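Please read the structure below before turning to the comments.
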Amino acid sequence: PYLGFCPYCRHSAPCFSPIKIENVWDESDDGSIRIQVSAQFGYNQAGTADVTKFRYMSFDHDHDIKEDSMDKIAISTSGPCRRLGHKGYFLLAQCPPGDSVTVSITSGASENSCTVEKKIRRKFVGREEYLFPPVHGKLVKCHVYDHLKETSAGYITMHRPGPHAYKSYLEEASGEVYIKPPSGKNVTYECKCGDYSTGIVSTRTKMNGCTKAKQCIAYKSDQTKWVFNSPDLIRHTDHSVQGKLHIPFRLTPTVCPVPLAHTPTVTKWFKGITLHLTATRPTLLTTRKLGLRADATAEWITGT
Amino acid sequence: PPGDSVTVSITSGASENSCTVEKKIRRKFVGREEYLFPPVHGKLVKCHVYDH
Amino acid sequence: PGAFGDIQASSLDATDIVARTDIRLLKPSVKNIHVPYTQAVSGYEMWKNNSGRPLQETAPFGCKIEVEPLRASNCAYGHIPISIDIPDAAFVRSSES
Amino acid sequence: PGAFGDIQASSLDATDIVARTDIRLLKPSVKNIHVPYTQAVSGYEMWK
Amino acid sequence: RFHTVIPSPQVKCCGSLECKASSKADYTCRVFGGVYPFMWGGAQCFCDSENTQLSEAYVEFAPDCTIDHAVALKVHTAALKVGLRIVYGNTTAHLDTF
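Protein chains in written order, with the entry's author numbering: chain A, 14 to 317; chain B, 109 to 160; chain C, 197 to 293; chain D, 197 to 244; chain E, 50 to 147.
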């Protein structure tokens, strides 16, 4: 449940948010898109399975894990999107056409939203443009994202979290530096004010030989976590592959309905035909001879 | 956001009064490359903005 | 880079992937931690946009292309010389016909 | 069909309306009851 | 489509780093000088200079490539096989031949 560096927060400027969008996939033929963000969906603080609520990292100096409900998640590209599924780091939603995708949590007035540019176009399957799958038409082979949340499109490797230094842990007083770990939590500190010196402290601790606050750092020994191999975090010294989550919503094949155009009117003439064609939308016409030379011609036709 | 007109509205309960005026609000950028948002990484150039 | 087959592998699950995508890393200018990089567009998408019509709509001689395995069915061209040993049992002598 | 005056009548309320719009019915395919068809665009709209 | 995966950057806080030689697809590693990066606490290091960073990047196959992928083949001399229905007198015969 880490927090990334979103390029576009609610206001405008880049900022650190718990819902940074890392990757977006839209390879499905029905317009559904799979989104990956840092927050974990379907879980509470302990991680227990529950559809209603998700978790994230808090905006405080303890950075414990906080929870929120499903009703406060909004996905939108140009208009609001319909949430089709959610599992762990991943969401899957059907969205209208747009140039960017945005995911937001509305905790009352706190509307924390992250937006990332992604040209989401309206795509179709077959040789006929359309807005909706027609009620009547041919049934062709298509590939769509499976809405089942327990499927597997692949995997993502996650590793142990790295050091996350904090200045609230450090205190400056009378030109001297102190470490104030949170109560009951052991904090690894290290500093350099001459001779480099590390260690672990668990209480309000003095440090000698240091005059400025920008010479030491302190962070709690948080080995109780896993983080995706994100480019917005500082990695641990031992960055071995210590995890593999599944990528839900496998892109499975199925049958899609596609329209059938108005049958053309063929008028014959000596060594030739004339097709009178009517197609409200761009329809593909492909002709070829059956001799030595194909003389293949292809054209998208609109109107009459 | 980009739009062809600008509207300002007050919603006093069920009494909604909105005034709309035509104004071609377009998306404009500074520099020599189009971008939807100011990217995290890039050059720092001179721009002029309404002071908040 | 920027053209078809910029990333190649013997199989989807093969770990010996070789690619040349012209990826280059730049100096991080912003204060916050982040790694910048610019990379040429995926050549697979470039070919997909400019793929052109498939061979099912361009093969001559009315040849119906098919896959798994690759083949061309119902293809009309040329002449087949056939030498056939028709059995003598089916033959009927003229004295009875 | 697809040209001006594809539907004609002597008046708006006249019952002797004559038209040739090239409408063809298609065999239904879905389980649910519905009648599919195809038809040329309105030639009046094309002229407009 | 390639998924350009970017490992989480590492910083040698008050020392130096050297680019290793891995065998990933289009592997690219660079080393930058003092950066003094921020994550959320206003500081990640204690040395305003000699605070190098290692920028690492490579590519893999996209998760949805198992369906949307292209296979490159070379062809050789092709053999033509024909199914024939042949009738003589009373007897018909179906036979597949090369």
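All residues carry an ideal CB built from backbone N, CA and C; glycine is no exception.
Reduced DSSP category for residue i - H, G, I as helix; E, B as strand; rest coil
{"i": "E:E67", "result": "coil"}
{"i": "C:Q252", "result": "helix"}
{"i": "A:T224", "result": "coil"}
{"i": "C:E292", "result": "coil"}
{"i": "D:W243", "result": "helix"}
{"i": "A:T299", "result": "strand"}
{"i": "E:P112", "result": "helix"}
{"i": "A:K85", "result": "helix"}
{"i": "D:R216", "result": "coil"}
{"i": "A:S113", "result": "strand"}
{"i": "D:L208", "result": "coil"}
{"i": "C:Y273", "result": "coil"}
{"i": "E:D145", "result": "strand"}
{"i": "A:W313", "result": "strand"}
{"i": "A:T61", "result": "coil"}
{"i": "A:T237", "result": "coil"}
{"i": "E:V136", "result": "strand"}
{"i": "D:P197", "result": "coil"}
{"i": "A:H99", "result": "strand"}
{"i": "E:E105", "result": "strand"}
{"i": "A:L104", "result": "strand"}
{"i": "E:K130", "result": "coil"}
Within chain B, the residues that residue i reaches when beta carbons sit closer than 8 Å
{"i": "C:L222", "result": "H149"}
{"i": "A:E124", "result": "Going along chain B, no residue has its Cβ under 8 Å from A:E124, so there is no contact; the nearest lies around 16 Å."}
{"i": "C:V226", "result": "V148 and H149"}
{"i": "C:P256", "result": "What C:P256 touches in chain B: nothing, since even the nearest Cβ is about 45 Å away."}
{"i": "A:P20", "result": "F145, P147 and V148"}
8 Å Cβ cut-off: residues of chain A touching residue i
{"i": "E:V60", "result": "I247"}
Beta-carbon neighbours of residue i, restricted to chain A and to distances below 9 Å
{"i": "D:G198", "result": "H289, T291 and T317"}
{"i": "B:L152", "result": "Residues of chain A passing the Cβ test: none, with the nearest at roughly 14 Å."}
{"i": "E:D75", "result": "Here the premise fails: no neighbours, minimum Cβ distance about 16 Å."}
{"i": "D:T234", "result": "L273, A274, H275, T276 and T291"}
Beta-carbon neighbours of residue i, restricted to chain E and to distances below 9 Å
{"i": "A:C127", "result": "What A:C127 touches in chain E: nothing, since even the nearest Cβ is about 15 Å away."}
For residue i, the nearest candidate out of the options (CA to CA)
{"i": "A:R95", "options": "A:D75, A:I48 and A:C108", "result": "A:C108"}
{"i": "E:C63", "options": "A:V157, A:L264 and A:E203", "result": "A:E203"}
{"i": "A:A274", "options": "A:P295, A:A62 and A:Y209", "result": "A:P295"}
{"i": "A:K79", "options": "A:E189, A:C223, A:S91 and A:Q53", "result": "A:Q53"}
{"i": "A:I32", "options": "A:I46, A:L104 and A:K180", "result": "A:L104"}
{"i": "A:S113", "options": "A:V268, A:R134 and A:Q228", "result": "A:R134"}
{"i": "E:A128", "options": "C:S279, C:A268, C:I278 and C:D281", "result": "C:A268"}
{"i": "A:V116", "options": "A:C155, A:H289, A:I34 and A:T170", "result": "A:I34"}
{"i": "A:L144", "options": "A:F67, A:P110 and A:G167", "result": "A:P110"}
{"i": "D:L222", "options": "D:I213, D:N228, D:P232 and D:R216", "result": "D:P232"}
{"i": "E:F81", "options": "C:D209, C:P224 and C:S290", "result": "C:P224"}
{"i": "A:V138", "options": "A:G121, A:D77, A:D43 and A:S126", "result": "A:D43"}
{"i": "E:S98", "options": "A:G60, A:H259, A:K227 and A:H149", "result": "A:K227"}
{"i": "E:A111", "options": "A:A106, A:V190, A:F18 and A:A166", "result": "A:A166"}
{"i": "C:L266", "options": "E:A70, E:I116 and E:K123", "result": "E:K123"}
{"i": "A:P195", "options": "A:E189, A:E184 and A:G188", "result": "A:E184"}
{"i": "A:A62", "options": "A:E163, A:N199 and A:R140", "result": "A:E163"}
{"i": "A:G92", "options": "A:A106, A:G101, A:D84 and A:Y102", "result": "A:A106"}
Under 8 Å by beta carbon: chain G residues contacting residue i
{"i": "E:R134", "result": "The question asks about chain G, but that chain is absent: this structure's protein chains are A, B, C, D and E."}
Chain A residues whose Cβ lies nearer than 7 Å to that of residue i
{"i": "C:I261", "result": "Residues of chain A passing the Cβ test: none, with the nearest at roughly 12 Å."}
{"i": "E:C68", "result": "Ordered by position in chain A, no residue passes the 7 Å Cβ test against E:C68, which lies about 15 Å from the chain."}
Interface partners of residue i on chain C, CB under 8 Å
{"i": "A:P244", "result": "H230 and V231"}
{"i": "A:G304", "result": "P256 and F257"}
{"i": "E:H118", "result": "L208"}
Interface partners of residue i on chain B, CB under 9 Å
{"i": "A:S113", "result": "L144 and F145"}
Where residue i meets chain E, residues with beta-carbon distance less than 7 Å
{"i": "A:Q255", "result": "Under the 7 Å cutoff, chain E gives no residues; its nearest Cβ is about 13 Å from A:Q255."}
{"i": "C:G201", "result": "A121"}
{"i": "C:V214", "result": "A74"}
heavy atom of the ligand COA below 7 Å from residue i C-beta
{"i": "B:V153", "result": "Of ligands this structure carries none, so the ligand COA is not represented either."}
Contacts of residue i in chain C (Cβ-Cβ under 7 Å)
{"i": "E:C114", "result": "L208"}
{"i": "E:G138", "result": "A286"}
Chain E contact residues for residue i, given Cβ-Cβ distances below 8 Å
{"i": "C:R249", "result": "Near C:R249 there are no residues of chain E at all, since even the closest Cβ is about 16 Å away, more than 8 Å."}
{"i": "C:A272", "result": "Going along chain E, no residue has its Cβ under 8 Å from C:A272, so there is no contact; the nearest lies around 11 Å."}
Inset, instruction - Enumerate, from N- to C-terminal direction, the unbroken beta strand (DSSP E) stretches of 3 or more residues contained entirely within the region 126-184 of chain A. - result: 151-158 and 168-172
Legend entry - Interface residues of the region 22-49 of chain A facing chain E [CB-CB below 7 Å]: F29, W38 and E40
Legend entry - Uninterrupted beta strand (DSSP E) stretches inside the region 243-293 of chain A (no shorter than 3 residues): 257-259, 264-271, 278-282 and 285-289
Legend entry - Residues of the region 77-106 of chain E with Cβ closer than 8 Å to any Cβ of chain A, in chain order: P86, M88, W89, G90, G91, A92, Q93, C94, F95, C96 and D97
Inset, instruction - Using a Cβ-Cβ cut-off of less than 9 Å, give me the residues of the region 257-282 of chain A that come near chain D, in sequence order. - result: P270, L273, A274, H275, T276 and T278
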